[PDB]
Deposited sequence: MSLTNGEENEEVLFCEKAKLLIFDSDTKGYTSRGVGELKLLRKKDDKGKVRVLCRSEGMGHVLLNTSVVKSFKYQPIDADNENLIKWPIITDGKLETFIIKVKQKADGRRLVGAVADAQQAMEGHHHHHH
């Protein structure tokens, strides 16, 4: 696997508002022998895996809006229902790069 992207991020998930589930290093990973196997891995000094999921060709991974470029909507399927996780990074150019790195990984696959 190659690292296409890497940053400290906070993962927020909806609770019946949005609440933090941990802070970790978020990596975008592609298999060296298979450009169609791309995943995100987010790992907190417990090394707790907060997120380990495939990038889906059919989903758009984009900021909440123009005003929050550092909060990326991460749609994911759990039990056949669509949910949106939120990936919070510190800076707004970091969100722009994550989006660009995912879109580029999706066109390559």
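**Q** Without any C-alpha position in the structure, which residue ranges of the deposited sequence would you list, numbering from 1?
**A** Unmodelled stretches: 1-9, 26-28, 57, 123-130.
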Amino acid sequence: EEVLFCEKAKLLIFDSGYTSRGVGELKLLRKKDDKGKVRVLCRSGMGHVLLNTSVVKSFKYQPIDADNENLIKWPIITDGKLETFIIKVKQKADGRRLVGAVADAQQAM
From here on, numbers count along this sequence of modelled residues.
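**Q** Take the C-alpha B-factors listed in the entry for 21-29 and for 97-105, compute each mean, and give the stretch with the larger one.
**A** Comparing 21-29 with 97-105, the higher average CA B-factor belongs to 21-29.
**Q** Please work out which of 78-86 and 54-62 has the higher mean CA B-factor as recorded in the PDB entry.
**A** Mean B over CA atoms: larger for 78-86.
**Q** Check the PDB entry and point out which of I72, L41, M46, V38 has the largest C-alpha temperature factor.
**A** Answer, based on the entry's C-alpha B-factors: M46.
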